[PDB]
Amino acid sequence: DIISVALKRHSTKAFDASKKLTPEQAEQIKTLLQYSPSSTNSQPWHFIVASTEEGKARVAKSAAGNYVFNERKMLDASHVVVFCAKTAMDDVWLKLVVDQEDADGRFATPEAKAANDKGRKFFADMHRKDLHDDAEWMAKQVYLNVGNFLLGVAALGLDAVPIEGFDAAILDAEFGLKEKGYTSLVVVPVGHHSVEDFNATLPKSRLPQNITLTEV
């Protein structure tokens, strides 16, 4: 059951570089990235999946400075996902989303379709025009993607670790993300843990629900 998975998964601190995702698992992790929900189906994200040694090493350059303890996880894991958010929400993206909803069969009439576009545009506008927080808003959708992904990959039997400990300016410049409209937020190596993963035998710790949760 999924609760066992939630209780047994852990942040892997070191990966076995000789254990690769199966071809089928490599497909499945891309499916998880794609099929996450997002506010208005805005999907304001891009993913880089590095599985070559070259491409992981490029991503690993971002694990410099204070963040070297993360470098080896990025090099040793089978696949390394970089989760990136759009830096602004443009009308071309909003059109592409609704056209795709349309191509996929979600609208019965042109009017249903126009209403969807109008509603997405309205709610998007509150972030990009009124509140000026559309960067933050899109980044949140991407973290939601991450949350989905980590539970997903745990349920496939894979090890993983989310990493904020890396230099986004480096990683952005390494892949040309600013000029393309994106910024890197979280890196998630996926694979199988090695013997150096001290975190695999430690008990899980969370605050008690009497602190964090209220029922009404």
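For every residue, the number given is its place in the sequence shown, counted from 1.
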Average Cα temperature factor in the PDB entry - higher stretch of 57-65, 38-46: 57-65
Comparing 126-134 with 76-84, the one whose average Cα B-factor in the PDB entry is higher: 126-134
Looking at the C-alpha B-factor of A169, is it in the lowest, middle or highest third of its chain? highest
What third of the chain, by the recorded C-alpha B-factor, contains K118? highest
Taking the C-alpha B-factors as the PDB entry records them, is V5 in the lowest, middle or highest third of its chain? lowest
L94: which third of its chain by C-alpha temperature factor? highest
Compare the C-alpha B factor of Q100 with those of the other modelled residues in its chain, then answer lowest, middle or highest third. middle
